[PDB]
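J.: Sequence first, structure after, both from an experimental entry:
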Amino acid sequence: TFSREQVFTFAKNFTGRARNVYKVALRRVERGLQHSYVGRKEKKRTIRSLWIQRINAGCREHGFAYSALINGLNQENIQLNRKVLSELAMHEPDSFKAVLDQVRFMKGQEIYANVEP
Amino acid sequence: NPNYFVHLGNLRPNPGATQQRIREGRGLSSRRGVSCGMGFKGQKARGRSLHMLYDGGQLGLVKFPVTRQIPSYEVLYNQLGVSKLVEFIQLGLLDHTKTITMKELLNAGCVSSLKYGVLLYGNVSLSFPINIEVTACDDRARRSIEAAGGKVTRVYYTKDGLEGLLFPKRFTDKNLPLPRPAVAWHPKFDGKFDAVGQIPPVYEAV
Amino acid sequence: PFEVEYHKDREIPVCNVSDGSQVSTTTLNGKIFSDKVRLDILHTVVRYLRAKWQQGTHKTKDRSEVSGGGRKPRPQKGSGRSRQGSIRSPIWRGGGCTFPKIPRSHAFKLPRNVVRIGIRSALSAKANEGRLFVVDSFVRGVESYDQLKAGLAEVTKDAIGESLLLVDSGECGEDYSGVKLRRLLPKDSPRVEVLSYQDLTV
RNA sequence: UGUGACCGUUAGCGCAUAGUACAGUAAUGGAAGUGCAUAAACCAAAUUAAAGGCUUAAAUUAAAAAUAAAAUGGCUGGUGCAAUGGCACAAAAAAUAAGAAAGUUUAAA
RNA sequence: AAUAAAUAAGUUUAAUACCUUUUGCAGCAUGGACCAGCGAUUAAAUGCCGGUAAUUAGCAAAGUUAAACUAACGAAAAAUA
RNA sequence: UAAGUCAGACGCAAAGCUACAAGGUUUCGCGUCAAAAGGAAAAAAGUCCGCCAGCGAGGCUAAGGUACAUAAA
Ligand SMILES: [K+]
Ligand SMILES: [K+]
Ligand SMILES: [Mg+2]
Ligand SMILES: [Mg+2]
Ligand SMILES: [Mg+2]
Ligand SMILES: [Mg+2]
Ligand SMILES: [Mg+2]
Ligand SMILES: [Mg+2]
Ligand SMILES: [Mg+2]
Ligand SMILES: [Mg+2]
Ligand SMILES: [Mg+2]
Ligand SMILES: [Mg+2]
Ligand SMILES: [Mg+2]
Ligand SMILES: [Mg+2]
Ligand SMILES: [Mg+2]
């Protein structure tokens, strides 16, 4: 069981008797910590959902689809993840379009260490 | 002070010699936390009510018969093996050149505490004669000793007579006469004794 | 941390209290003064001695020994209060103790052989630490307490400690010299004690 | 009188004096209550925050000291510290027994 | 069930107290208005089973108590002579 | 372990009793709950997928889904 010092440290921002009354605050502290365990798990699901929405919106502006892009990347051996792809569509439109064109049309110029073999 | 000095402030016991007691009813995460490990309800979990031997009403232990045979009184004698008697002689704790009596056995340590007498039993292969006086003997011991040329005598002593045999100094230091020997034994014990013991035994050569 | 010869006899000089000078030399048996030091045996004997000295004159009162409390204080049913049977119950302020204290002894037993092992360990430890000294006598040539203190200080100058323990052959020993030593020793001396060899303990 | 890994004002005797106050026709039952000091619950008060342009080359200092919010006002009497109060036995002393029945004993110089 | 996880600070999503008792309780089953103090497997003797040591134990002081032990089939032949 | 337990529940599949009724009752085979958080079906003890030591804004899948609510043709 938490001590008085621990209980009141956790409950410093609670309302009414939940702030300074031990019996009321103790039950409010434990229930909140239970919410936090669930909250951390759900955070990872929600953020990935947001990335996909932004990628899909960018793809459809050019006439493409999210599912077509993911399949196309795996055929080209491109391993950029969704967090990076989401950020490219928002902040680097020109680079995001270049990735789409390579996947759809494959018209990029290859680079070799020895330019003149 | 150096590190190797010993004082009252750095003593500990040997590991494993002690273990902490279990104090129950002291928290959810403690051993035997809430209910003290007794369960939830019932007669067992309500204090001193039930004896550990009650079987529910069947009472199976008293469904067996009773025997009333009386064991022989000779279970009250101290038992001495012939093989143990020889070992003492070989080590030198007993003198085999003179008659051996129960007093010598008591002092040598063969017999621990005598209240009634000594019973001699067992088989042993001897090469030298032995003369021993005891209160009782079997047939295996008699044959073993006599085969080498010894003599086994069963001597009859009373309660007062046995005390004089074992602790004569207890009477001389107080200037008291020794107990007198018995006259004869009851005929019901015929075939149990060969002679009446003398409080000061007569030692002979072997 | 240094080399020790176990079970070997020791040669120890003898000093004089009156002047602090060496007078002769003697020998210490190796089985008593050069034995192994058992740390666990010392712990057991120390606990054994402390338990024996505890007095144990302590008592409390339970609900049957507190004054009053015979009658039932409330009706069993109807009042809306908790059911109660007596005012001297442990649950009530001013009630009895659930498990009262009783006058008791705290002493337990040890074999006489284990006590011997402890004494040898303690004597051996002193010799290996250089805290053991032998003198011819304590009262010969000394007529004042200050004189004795100065002599003892000179003899034990090569040591780390401060307090001293003095062991003699008892009051009726050395021609009743012990009586003189007791008289000279001041009352309530916190750093000096005198014991007979019969009362030596770990 | 002596000792304590016995207690320190919800403890220890019911009592740091009280078998008092008080309840009851009565027998009887039976409290509270030491000294000092920013503890808790509890009720009132306390919301916010802004700022846009003097021209720069020969000071001062025996010695030392001296510029900054952890804490509102109350009511209450916990905790911490102390003992002119209790608990347990120990030592000494005291108390105590006779066979006989109107009858003799036991006194150290 | 008055919070949690985040946020461009505008908001968005997750989310029916605790205890006791039950096959099953957010329970329209039970207990708690709140704070401080008090409040519940303790002691003795004996027995059983693990662990750690002593290497019999207690008195006494060359002698005594307590415990423990005490006959089962005398069965081997390994010689490069 | 000389411990606890001897109030059990439902789903699919059989039989007796009831009326080839009951979230009924009595046996029996497997599973789940009881003592099991997480995902799907609206809320969801017992159905379907699957067993939580802790943290992370990495990735692949199961049951079930892929015009809006609501991630994906
Ligand atoms: K148990
Ligand atoms: K309150
Ligand atoms: Mg039950
Ligand atoms: Mg039970
Ligand atoms: Mg009291
Ligand atoms: Mg106080
Ligand atoms: Mg009081
Ligand atoms: Mg029910
Ligand atoms: Mg209520
Ligand atoms: Mg039953
Ligand atoms: Mg049943
Ligand atoms: Mg049913
Ligand atoms: Mg249950
Ligand atoms: Mg995938
Ligand atoms: Mg969508």
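T.: Sure thing, it's come through. Residues are numbered from 1 along each chain as shown, chains lettered A, B, ... in the order given. Ligands and ions are numbered 1, 2, ... in the order given.

J.: With residue C:13 as the reference, measure out to residue B:53.
T.: Distance, residue B:53 to residue C:13, using C-beta to C-beta, to the nearest Å: 72 Å. To be clear about C-beta, it is placed using only N, CA and C from the backbone, and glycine gets the same treatment.

J.: Neighbour count: these two, which is higher?
T.: Neighbour tally, residue B:53 and residue C:13, criterion other C-beta atoms under 10 Å in any protein chain shown: the higher count belongs to residue C:13, 11 against 6.

J.: how about that one, phi and psi?
T.: Backbone torsions of residue C:13, given as degrees, to the nearest 10, read phi -70, psi 160.

J.: can you pull up the bridge partners for it?
T.: Beta bridges link residue C:13 to residue C:25 when assigned by DSSP bridges.

J.: mind listing what it touches?
T.: By C-beta atoms under 8 Å, 6 or more residues apart in numbering or on different chains, the contact set of residue C:13 is C:22, C:24, C:25, C:134.

J.: can you pick the most crowded of these?
T.: The most crowded member of these is residue C:134, carrying 14 neighbours; neighbours defined as other C-beta under 10 Å.

J.: And residue C:177, how close does it get to residue C:171?
T.: 9 Å.

J.: Kindly list the main-chain dihedrals of the residue nearest to residue C:86 when sequence neighbours are not counted?
T.: Using C-beta to C-beta, 6 or more residues apart in numbering or on different chains and skipping the chain neighbours, the partner closest in space to residue C:86 is residue C:69 (4.4 Å). Main-chain dihedrals, residue C:69, degrees, to the nearest 10: phi 80, psi 10.

J.: Contacts only, for residue C:69.
T.: Residues near residue C:69 by C-beta under 8 Å, 6+ apart: C:63, C:86, C:87, C:88, C:89, C:95.

J.: what's the spacing between the helix or strand containing residue A:46 and its chain's center?
T.: If you go by DSSP states H and E, residue A:46 is part of helix A:22-61. Centre-to-centre, helix A:22-61 and its host chain are 11 Å apart (C-alpha atoms, centre = their mean, to the nearest Å).

J.: what's in contact with stretch C:15-31?
T.: With contact meaning C-beta under 8 Å, 6+ apart, stretch C:15-31 is reached by C:6-14, C:34, C:120, C:127, C:133-142, C:147-148, C:150-152, C:154-155.

J.: Revised request: answer the last question for stretch C:53-66.
T.: For stretch C:53-66, contacts defined as C-beta under 8 Å, 6+ apart pick out C:69, C:86, C:88-90, C:94-107.

J.: mind redoing it with 6 Å?
T.: C:88, C:96, C:97, C:100, C:101, C:103, C:104, C:105, C:106 (C-beta atoms under 6 Å, 6 or more residues apart in numbering or on different chains).

J.: Is there proximity between it and RNA strand D?
T.: Yes. For stretch C:53-66 and RNA strand D, the contact criterion (C-beta under 7 Å from any atom of the strand) is met by C:53, C:54, C:55, C:56, C:57, C:58, C:59, C:60, C:61, C:66.

J.: can you pull out the strands in chain C?
T.: Along chain C, counting by DSSP state E, strands occupy C:10-15, C:22-28, C:134-135, C:164-168, C:192-196.

J.: I'd like those strands as JSON lines, with distance to residue A:39 appended.
T.: Formatted as JSON lines, the strands of chain C follow (distance: least, C-beta to C-beta, whole Å):
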{"stretch": "strand C:10-15", "distance to residue A:39": "75"}
{"stretch": "strand C:22-28", "distance to residue A:39": "76"}
{"stretch": "strand C:134-135", "distance to residue A:39": "78"}
{"stretch": "strand C:164-168", "distance to residue A:39": "69"}
{"stretch": "strand C:192-196", "distance to residue A:39": "70"}
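
J.: Out of those, the one nearest residue B:119 is which?
T.: With respect to residue B:119, and counting by C-beta to C-beta, the nearest of the strands of chain C is strand C:192-196 at 51.1 Å.

J.: For the strand ranked longest in chain B, name the packing helices and strands.
T.: For chain B, the strand with the greatest residue count under DSSP E is strand B:151-156. If you count contacts as 3 or more C-beta pairs under 6 Å, 6 or more residues apart in numbering or on different chains; DSSP states H and E, strand B:151-156 packs onto strand B:131-134, strand B:195-196.

J.: The first one near RNA strand E at all?
T.: No. Counting by C-beta under 7 Å from any atom of the strand, no contacts exist between strand B:131-134 and RNA strand E, the nearest distance being 12.2 Å.

J.: since we're on the residue lying closest to residue B:157 once chain neighbours are set aside, how many residues are nearby?
T.: Spatially, and ignoring its direct neighbours in sequence, residue B:157 is nearest to residue B:197 (4.7 Å; C-beta to C-beta, 6+ apart). A total of 22 residues lie near residue B:197 under the criterion other C-beta under 10 Å.

J.: Then residue C:16?
T.: When counting by other C-beta under 10 Å, one arrives at 19 neighbours for residue C:16.

J.: tell me the phi and psi of it?
T.: phi -120, psi 130.

J.: Would you check how far apart it and residue C:22 are?
T.: For residue C:16, the distance to residue C:22 equals 8 Å [C-beta to C-beta].
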